[PDB]
Structures are given as C-alpha cells and as structure tokens.
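Next up: a single chain in structure tokens, the form deposited in one PDB entry.
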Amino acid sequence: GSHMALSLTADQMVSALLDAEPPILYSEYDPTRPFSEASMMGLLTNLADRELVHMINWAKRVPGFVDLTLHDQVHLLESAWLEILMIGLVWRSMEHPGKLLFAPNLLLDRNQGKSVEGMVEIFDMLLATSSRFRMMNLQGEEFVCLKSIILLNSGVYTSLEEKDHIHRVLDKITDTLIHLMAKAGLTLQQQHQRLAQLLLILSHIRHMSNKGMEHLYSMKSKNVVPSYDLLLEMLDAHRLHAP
C-alpha cells in the first residue's frame, strides 16, 4: 500500500524519515598518497556531487514530495540542495568541536578552510551552527524533521490547492517535532520555545547557503551550480533506477 503524507501519525512520520536517510559517504582520496597532493576544493566538489545523487532518492522518500509536479520538485531541490548538504554536515560535526566532519576520512578544522578564499567565513558559520545544535542536544529524530522542513520550505515562495498541500505537509512535520518534545518530557512552554529555537537556526542555514551560492557563482567554472535542467534530468532519471 501507500501512505498519504497527511494520514501519517507522528511515529510513522519519524519512521519514514529515519528510513529515507541517505548513507554517510567517504571522501574519494588515496590514504597512501601524501595529504599535500589533495585539492581541498576538488575533494568537497567530488563529495557534494556524490551526496547529491543520494539526496535525489531521499527527497522522493520525504512524505508529500512525489505528490508535487516534477517542475515543483525541481524548484524545491534547486533552492534547498546546499541547505540540505549544510544541515547534514553540521549534524555530523556535532561531536567534533572546532572541526567539520565532511566524511569519516575528511575531518577539517578552521585553519584548513583558510586554504580556499572566501571559505573561512562559511566554515566559521557552519562551526557556530554545529556548536549551537550540540548545546541544544539536537536528536536524530529532530534532525530528519528539520531536514524535511528545509526541503519543503526553501522554495515554497516560488495553485492554491497545491500551495495549501505543502503548508499542510509542513504542519504534519511540526506536529511530529512537538510529539518528540512532549515524549522527551518538555512542558508545553518548553515545547514552543525549543521548536522556535530550532526554526530560528533554519534562518541561519539559509544565510550560509546564500553565502555558499555566492561563492559558487563567483567561481570561473560554468557548471559549478546545479542548473534547473540538471536537477530535472536527475529527478526524471530516478524513475529508471532499480528500487
């Protein structure tokens, strides 16, 4: 059978989201060749490209996403892809104060970011967001809800029925977040305050993603930002993959 996004209970929503989770990838580098030989930007690009393929399959598994037209799915991934990579990074880097866990074989500190121009400012923001989630003791079940909110919210400001559906899907994830906070034993006031602190961090994640896109658009290379066409091609080619 098929569960419609709005029929899901809080526990089914958490389960579906935990199931859809992409795997933690490794940075593609020879551990026998010296670390000086590495490109730094070359490694992050190769990693982001591989992670983006998995993000396609995860998005198609987020409740309410396939209910949207192919056109609208592309718009949401186009606006959200960097924010989704960034939230994943900041979550992985939580237990590593002063370091960013890009991959299990790629844990980079602030000074390493200084190698690439304009990268230091982005690293510092990611580091601050990571420490903030650590202070808040962000839970895995909350992280998946926040990652799903980013996807459905980021490109929502671009038909009243399709617009209401995303709002309703977003209300269902909010209900799931609150449920987790009530089970963790937070009072009603504490529940609202934690929900507000988590959603306020999403504003800073959008900010980092805009600074990230600015950096990408400043690069001399022509195919450094995933275009609408490439994202459409990626979502349509998923139909040809084996389940």
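Numbering starts at 1 and runs along the sequence shown.
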Enter the number of deposited residues without atomic coordinates between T158 and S159, binned as none, 1 to 3, 4 to 9, or 10 or more. 4 to 9
Stretch with higher mean Cα temperature factor, 36-44 vs 57-65, is 36-44
Between 183-191 and 26-34, point out the one with the higher average CA B-factor as the PDB entry records it. 26-34
Determine which member of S79, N111, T129, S148 has the highest CA B-factor, using the values in the deposited entry. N111
Tell me, lowest, middle or highest third: where does the Cα B factor of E141 rank within its chain? lowest
What third of the chain, by the recorded C-alpha B-factor, contains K172? lowest
Split the chain's modelled residues into thirds by Cα B-factor; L198 lands in the lowest
Cα B factor band for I84 (lowest, middle or highest third within the chain): lowest
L70 - which third its CA temperature factor falls in, relative to the rest of the chain: highest
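Keep in mind the form solved in complex with a partner chain is missing from the figure; the text below concerns it.
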Contact of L44 with the partner chain in the bound PDB entry (heavy atom, 4.5 Å): no
With heavy atoms only and a cut-off of 4.5 Å, decide whether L70 touches the partner chain in the bound PDB entry. yes
Any non-hydrogen atom of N57 within 4.5 angstroms of the partner chain in the bound PDB entry: yes
If you check in the bound PDB entry, is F102 within 4.5 Å of the partner chain, heavy atoms only? no
